[PDB]
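Have a look at the structure below before the remarks.
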Amino acid sequence: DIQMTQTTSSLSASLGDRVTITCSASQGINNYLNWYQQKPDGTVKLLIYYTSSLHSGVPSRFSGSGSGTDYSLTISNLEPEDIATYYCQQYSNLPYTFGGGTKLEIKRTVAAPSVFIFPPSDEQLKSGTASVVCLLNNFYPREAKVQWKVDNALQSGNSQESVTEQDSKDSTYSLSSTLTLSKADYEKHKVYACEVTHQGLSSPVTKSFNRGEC
Amino acid sequence: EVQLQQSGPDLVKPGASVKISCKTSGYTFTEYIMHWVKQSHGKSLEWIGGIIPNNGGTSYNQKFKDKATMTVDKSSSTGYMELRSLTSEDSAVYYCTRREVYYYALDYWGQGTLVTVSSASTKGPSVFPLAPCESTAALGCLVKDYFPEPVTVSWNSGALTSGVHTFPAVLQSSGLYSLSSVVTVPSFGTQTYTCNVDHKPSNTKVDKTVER
């Protein structure tokens with residue numbers, strides 16, 4: 001089988017900058033090389049066929065290059081909607097084979113998160129579990145420290161985090177941190193708080209509620 | 001517009017089989033070969049095989065020859081692929097694609113089908129509101145304790161898309177999935193906010209209005 005190697009699987013780049021994604025074949029493939037873009041939602045789109053030919057409706061800032069074993073996809077100048085994983089595909093022989101992918105991280109200017117906290121609903125509590133949610137909205141970069149404090153006691157091991165993909169318009173992330181407790185543990189404490197540390201904040205931001213003020 | 005709609009998600013017991021559809025609008029079906037691709041979680045694309053519609057002449061990646069069968073109902077304009085005797089390594093998203101000539105390339109892709117192979121049972125999401133107790137406000141829904149992936153979340157039946165963030169599902173110590181969907185609004189009061197959660201694997205459809 002022809003192996004397609006995309007050695008650089010994670011690539012960062014700035015808005016406006018030139019980006020180069022490279023693909024090498026284990027043996028020559030005589031320019032029978034396509035490029036696909038996979039958006040974060042799983043939608044796949046053909047960009048370039050036969051090394052160099054742009055598909056209909058693909059921006060002129062995408063171009064394909066190379067011959068033999070070595071191929072490149074170049075983005076003349078990077079737009080926010082280019083956040084995606086890029087895959088090469090040889091059709092020189094069967095079975096068709098795919099590069100391992102290159103995921104684009106887009107560098108933009110620092111934006112601090114705006115922070116929100118949500119108490120558990122009575123509808124959840126009646127079933128014995130309390131989920132406390134902290135949201136960090138529309139920040140850059142990805143690096144964020146989220147600490148949970150219950151009546152001012154720092155928490156450990158009782159929270160899970162999840163992060164969106166970079167937004168296609170403003171190249172920001174959003175993150176949720178969920179603190180999970182038993183109803184019985186939820187009810188032993190008054191103040192629930194998440195404290196957020198980020199490059200865009202001159203000092204950490206704390207959002208809190210009092211259980212039984214809501 | 002050339003379109004390929006694929007069967008919805010699929011829970012499947014080890015040893016069992018499953019068939020997948022790719023219903024095909026907007027072009028002469030018999031005039032275009034159809035390829036199938038697998039993508040494992042956090043992984044690359046693998047070619048499974050192709051099929052000529054005119055005469056049904058197939059073509060398999062040797063890796064899949066004892067796993068996949070492709071077929072075509074030419075009236076229905078619908079391509080199939082059965083994956084047989086399944087294991088946890090067949091857990092993947094599967095895509096159907098049409099080939100075009102200019103020079104083979106896969107020029108239109110289905111949306112994919114998440115197949116999960118497990119001996120664990122279907123379970124519908126519980127849907128809880130996220131409501132607060134300075135320029136924007138946020139609210140959301142907690143979509144808790146469901147199996148398998150995926151859930152779809154929309155707001156006000158597809159009419160609210162702006163400010164919406166649906167987080168990727170996290171697997172909990174319990175072996176069930178959980179996620180939140182949130183929306184922000186500049187301060188709001190005017191409109192109401194309803195999450196619409198669809199878990200196809202359990203025919204669960206749940207609307208939760210968030211009391212602002």
Side-chain angles (χ1 to χ4, degrees), chain A residues 4 6 8-25 29-67 70-92 96-108 165-171, chain B residues 1-4 24-27 31-35 37 39 44-45 47 93 95-103 105-112:
Chain A
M4 306 302 303
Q6 295 176 254
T8 299
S9 49
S10 173
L11 193 68
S12 61
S14 293
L15 289 182
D17 281 12
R18 198 166 196 80
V19 178
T20 298
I21 303 181
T22 66
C23 182
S24 48
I29 49 168
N30 307 109
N31 284 91
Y32 299 130
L33 184 294
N34 306 318
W35 290 102
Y36 302 94
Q37 178 194 63
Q38 187 175 40
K39 293 292 171 109
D41 65 18
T43 50
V44 182
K45 202 185 137 217
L46 167 64
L47 289 186
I48 297 188
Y49 57 81
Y50 187 65
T51 294
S52 270
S53 302
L54 264 72
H55 189 90
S56 268
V58 170
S60 187
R61 60 206 164 72
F62 294 89
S63 56
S65 62
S67 54
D70 302 336
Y71 302 81
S72 289
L73 178 65
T74 300
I75 309 172
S76 206
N77 68 274
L78 189 61
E79 299 298 328
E81 57 274 21
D82 298 340
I83 183 91
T85 308
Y86 295 92
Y87 300 92
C88 55
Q89 178 247 322
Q90 71 76 20
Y91 64 97
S92 155
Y96 290 164
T97 54
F98 286 99
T102 297
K103 183 162 190 199
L104 227 41
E105 208 283 328
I106 304 212
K107 291 190 229 137
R108 51 151 293 154
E165 292 293 293
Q166 259 184 304
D167 187 271
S168 273
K169 284 198 210 70
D170 69 9
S171 313
Chain B
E1 57 175 332
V2 175
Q3 287 174 246
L4 303 97
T24 297
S25 96
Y27 73 96
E31 290 202 306
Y32 292 91
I33 288 70
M34 156 166 312
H35 296 269
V37 181
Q39 184 172 44
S44 185
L45 306 168
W47 182 72
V93 170
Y95 295 81
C96 64
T97 69
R98 159 222 202 240
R99 181 165 75 76
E100 170 65 334
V101 188
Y102 307 89
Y103 291 180
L106 307 184
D107 68 331
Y108 296 88
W109 286 64
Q111 86 276 6

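Reminder, nothing fancy here: chain letters follow the sequence lines and each chain counts from 1.
- Looking only at side-chain heavy atoms (C-beta outward), B:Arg99 and B:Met34 stay at 4.5 Å or farther from each other.
- With hydrogens and angles ignored, the 3.5 Å screen pairs a side-chain donor or acceptor of A:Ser52 with a backbone N or O of A:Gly64.
- For the residue pair A:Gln89/A:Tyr36, the side-chain donor-acceptor check at 3.5 Å is satisfied.
- Between the B:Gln3 side chain and the B:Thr24 main chain, no donor and acceptor come within less than 3.5 Å of each other.
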In sequence, state the C-alpha distance, the side-chain angles, and the governing distance for A:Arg18 and A:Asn77, and then conclude on side-chain contact (heavy atoms from CB on, under 4.5 Å).
CA-CA 5 Å; A:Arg18 198 166 196 80; A:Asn77 68 274; over 6 Å; no
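- In this structure, the separation between CG on B:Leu4 and OH on B:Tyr108 is 10.0 Å, given to the nearest 0.5 Å.
- Distance check, rounded to the nearest 0.5 Å: CD of A:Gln6 to OG of A:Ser24 gives 9.0 Å.
- A pairwise comparison of heavy atoms in A:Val19 and A:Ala13 identifies CG2-CB, 3.4 Å as the closest pair.
- Side-chain contact between A:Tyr71 and A:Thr51 is present, with at least one heavy-atom pair separated by less than 4.5 Å.
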Could you give me the CA-CA distance, side-chain angles and deciding distance for B:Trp109 and B:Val37, then say whether side-chain contact (heavy atoms from CB on, under 4.5 Å) is met?
CA-CA 10 Å; B:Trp109 286 64; B:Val37 181; 3.9 Å; yes
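- Listed here is the closest heavy atom pair of A:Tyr49 and B:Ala105: CB-CB, 3.9 Å.
- Between the CD atom of B:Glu100 and the CG atom of A:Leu46 there is a distance of 10.0 Å, given to the nearest 0.5 Å.
- No donor-acceptor pair closer than 3.5 Å links the side chain of A:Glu105 to the backbone N or O of A:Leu11.
- A tilted orientation is assigned to the rings of B:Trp47 and A:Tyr96, their planes being inclined by 30° to 60°.
- When all heavy atoms of A:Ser171 and A:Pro80 are compared, the pair lying nearest together is OG-CB, 3.8 Å.
- Contact detail for A:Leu54 and A:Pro59: the closest heavy-atom pair is CD2-O, 3.4 Å.
- Side chains of A:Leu104 and A:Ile75 form a contact here, defined as non-hydrogen atoms less than 4.5 Å apart.
- Between B:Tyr32 and B:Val2, the closest side-chain pair of non-hydrogen atoms is not below 4.5 Å.
- The residues B:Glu31 and B:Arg98 are annotated as not salt-bridged, no charged nitrogen and carboxylate oxygen being separated by less than 4.0 angstrom.
- To the nearest 0.5 angstrom, A:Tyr91 atom OH is 12.0 Å from B:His35 atom NE2.
- Looking at heavy atoms from C-beta onward, A:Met4 lies in side-chain contact with A:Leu33 at the 4.5 angstrom threshold.
- The side-chain heavy atoms of A:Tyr50 and A:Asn31, taken from C-beta on, include a pair separated by under 4.5 Å.
- Side chain of A:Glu79 to backbone of A:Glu81: no donor-acceptor contact under 3.5 angstrom is found.
- Classification of A:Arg61 and A:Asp82 as a salt-bridged pair holds, one side-chain N sitting under 4.0 Å from a carboxylate O.
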Assess the residue pair A:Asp70 and A:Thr22 against the criterion (side-chain contact (heavy atoms from CB on, under 4.5 Å)); give the C-alpha distance rounded to whole Å, side-chain angles, the decisive distance to 0.1 Å, and a yes or no.
CA-CA 7 Å; A:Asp70 302 336; A:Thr22 66; over 6 Å; no
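- Contact annotation: the side chain of B:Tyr102 approaches that of A:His55 to within less than 4.5 Å [non-hydrogen atoms, C-beta and beyond].
- Looking at residues two or more places apart in sequence or on another chain, you find a side chain to side chain contact (heavy atoms under 4.5 Å, CB included) between B:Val93 and B:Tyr95, B:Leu114.
- Ring geometry, A:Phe62 versus A:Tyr86: the interplanar angle falls from 30° to 60°, so the pair is classed tilted.
- If you take NZ on A:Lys107 and OG on A:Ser14, they are separated by 4.5 Å, rounding to the nearest 0.5 Å.
- The OG atom of A:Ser168 sits 8.5 Å away from the CG atom of A:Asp41 when rounded to the nearest 0.5 Å.
- Residues A:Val58 and A:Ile48 form no side-chain contact, since every pair of their non-hydrogen atoms from C-beta on lies 4.5 Å or further apart.
- Checking side-chain atoms of A:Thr102 against main-chain N and O of A:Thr8 turns up a donor-acceptor pair under 3.5 Å.
- No side-chain donor from either of A:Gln38 and A:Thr85 sits under 3.5 Å from a side-chain acceptor of the other.
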